[PDB]
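>
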Amino acid sequence: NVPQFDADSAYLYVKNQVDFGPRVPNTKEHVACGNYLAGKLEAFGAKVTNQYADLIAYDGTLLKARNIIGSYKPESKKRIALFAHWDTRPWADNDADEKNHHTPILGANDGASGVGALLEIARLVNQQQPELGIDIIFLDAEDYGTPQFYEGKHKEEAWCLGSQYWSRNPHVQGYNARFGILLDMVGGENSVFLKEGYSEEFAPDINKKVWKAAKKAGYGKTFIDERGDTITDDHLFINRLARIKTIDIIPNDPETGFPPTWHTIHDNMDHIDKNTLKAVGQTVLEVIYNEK
Ligand SMILES: CC(=O)NCCc1c[nH]cn1
Ligand SMILES: [Zn+2]
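For the sequence shown, PDB author numbering assigns the number 40 to the initial residue and increments by one for each residue that follows.
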């Protein structure tokens with residue numbers, strides 16, 4: 040019996056994060072939201088480990104980062120890692136309107152959606168424990184990468200600073216997981232998810248498992264069994280540095296690639312659909328509960 044993901048509950052966790060305002064590293068709203076997330080994990084029975092680190096951004100800015108890890112059955116050596124980034128981008132640098140290019144986004148889909156879905160998973164995992172140990176890992180400073188308008192070097196390593204840190208410095212010595220699943224932008228209206236490129240390179244068997252689970256759960260029209268783009272995201276560094284086979288569940292829009300709200304001021308609750316959260320969340324539950 041796999042638990043039923045509650046879309047209303049997940050939607051509320053997304054909204055609560057967005058209600059702090061932008062979660063830009065080094066702002067009081069970021070601090071407050073981090074406290075909220077750590078608090079929710081504790082309330083859902085997780086052992087919480089905080090990883091505070093001074094991460095240096097593309098331009099030399101020190102970011103007071105905090106990765107947040109909630110662990111279930113922590114003494115188990117057979118584990119599944121679930122990841123989402125919780126920071127939000129400080130510049131709406133893909134906005135159609137050039138006047139918005141320096142305005143922080145709300146990151147309802149890009150940030151809050153992955154975290155919200157994993158909080159709902161954590162609530163259920165607490166209630167009805169799967170066989171494997173589950174880690175819920177909220178990664179900071181994913182989205183402080185080089186602005187589009189920057190003229191100069193655009194290095195891949197500017198992104199995903201928190202996952203790079205976690206991947207080099209696991210929260211517990213000897214950490215291992217059977218596989219990982221990263222959720223990024225999993226609440227957008229009308230979103231479809233295709234097999235992402237690095238996911239196919241490092242963990243094609245995990246992609247196969249997830250997409251098959253989605254079909255069996257009735258979400259085959261949301262998880263389309265075709266390949267999409269190759270995307271620099273937290274899973275790239277987790278695969279390369281931590282060597283945990285990790286896939287990215289991330290939308291592919293045929294027109295725009297990313298969702299049309301991506302890195303615009305329109306990434307807010309108006310474009311979140313709880314049915315998208317449900318498709319992704321139920322699929323993740325179906326996978327983790329069927330591991331033995
Ligand atoms: C190809 C690319 O620029 N990816 C940026 C990482 C990211 C941010 N938000 C979602 N994905
Ligand atoms: Zn982003």
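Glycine included, every Cβ here is placed at the ideal spot set by N, Cα and C.
1) Taking the continuous alpha helix (DSSP H) assigned at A82, which residues delimit it?
2) How would you call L157, buried or exposed, if buried means at least 16 neighbouring beta carbons within 10 angstroms?
3) In three-state DSSP terms, what is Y91?
4) Looking at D182: is its Cβ nearer than 7 Å to the Cβ of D126?
5) Just jot down, in chain order, the residues whose CB lies closer than 5 Å to any heavy atom of ligand 2.
6) Measuring straight from C-alpha to C-alpha, what distance separates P209 and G109?
7) What did DSSP end up calling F59 once you bin it into helix, strand or coil?
8) Starting from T285, trace the beta strand (DSSP E) in both directions and tell me its first and last residue.
9) Among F122, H310, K284 and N329, which has the Cα closest to the Cα of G226?
10) List the whole-angstrom C-beta distance separating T300 from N148, where the pair is believed to meet the contact cut-off of C-beta under 8 Å.
11) Considering only heavy atoms of ligand 1, does any lie closer than 6 Å to the CB of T285?
12) Between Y52 and the rest of its own chain, which residues show a CB-CB distance below 6 Å, the 5 nearest in sequence each way excluded?
13) If we ignore side chains and look at the alpha-carbon of each, how far apart do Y189 and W198 end up?
14) Tell me whether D272 counts as near ligand 1, meaning its Cβ is closer than 6 Å to at least one heavy atom of that ligand.
15) Just list the alpha helix (DSSP H) runs in the stretch 171-237, keeping only unbroken ones of 4 residues or longer that don't cross its boundaries, in chain order.
16) Return yes when at least one heavy atom of ligand 1 lies under 6 Å from the C-beta of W125, else no.
17) So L178 packs on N106, CB below 8 Å; how close in whole Å?
18) DSSP three-state call for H124: helix, strand or coil?
According to the structure shown:
1) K67 to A82
2) Buried, because 16 or more other Cβ atoms sit within 10 Å of the Cβ of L157.
3) strand
4) Yes, the pair counts as a contact, with Cβ atoms nearer than the cut-off.
5) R128, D149 and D182
6) 13 Å
7) coil
8) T285 to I288
9) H310
10) At roughly 6 Å, the Cβ-Cβ gap stays under 8 Å, so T300 and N148 are in contact.
11) no
12) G155 and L158
13) 14 Å
14) yes
15) Listed in chain order, they are 200-207.
16) no
17) 6 Å
18) Strand at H124.
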